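We begin with a single chain expressed as structure tokens, specifically the form deposited in one PDB entry.
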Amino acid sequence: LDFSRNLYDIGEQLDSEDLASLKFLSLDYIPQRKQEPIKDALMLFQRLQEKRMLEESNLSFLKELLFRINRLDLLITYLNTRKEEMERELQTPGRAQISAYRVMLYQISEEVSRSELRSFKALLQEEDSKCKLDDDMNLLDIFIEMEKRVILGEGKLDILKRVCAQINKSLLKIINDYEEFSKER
């Protein structure tokens, strides 16, 4: 089967939410300020090709992205890859190419409900005045804004924890599990 055609086929099944998620998960290869021209998934895939992160004989990053955005359907149809295989692969030390920090933030975004997102905005406003926040922003946009204002980063989780602890233990658990494993180092 044809590599380029397959990339297009996958791209056609990815929606605007998927694209925004994939862009977020690609941050420690495609800097935030270089993502604006990327208007669809195929364009993201072409940027990854240019970086030799994606090629005919190297599908590992594409598989990891699709797995972490939960497009198990596309992994089966277009990449003949199962959830079981990805769990085994990504649980092997060194195999994952997305940073534990970036995965951690993404996993918080997956858990947060619409009402919890309203709470996150309100609580962050109590903790910080530097961020520009509005009602239309999703949690990933909030994280990007927190990073812009240098109140969130790999070793700077204080505000994130203060907000999450007031929303749901589940979120704080994601952060604490990440922190523990990171210091294990």
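One rule holds for the numbers: they count along the sequence shown, beginning at 1.
There is another form of the same protein, the form deposited with a partner chain bound; it is not shown, and what comes next is about it.
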Find out whether any non-hydrogen atom of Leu59 is located within 4.5 angstroms of the partner chain in the bound PDB entry, and reply yes or no. no
Although the partner isn't part of this model, could you tell me whether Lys63 comes within 4.5 Å of the partner chain in the bound PDB entry, counting any heavy atom of the residue? no
Would you check, heavy atoms only and a 4.5 Å threshold, whether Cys131 touches the partner chain in the bound PDB entry? yes
With a cut-off of 4.5 Å between heavy atoms, is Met53 one of the residues that contacts the partner chain in the bound PDB entry? yes
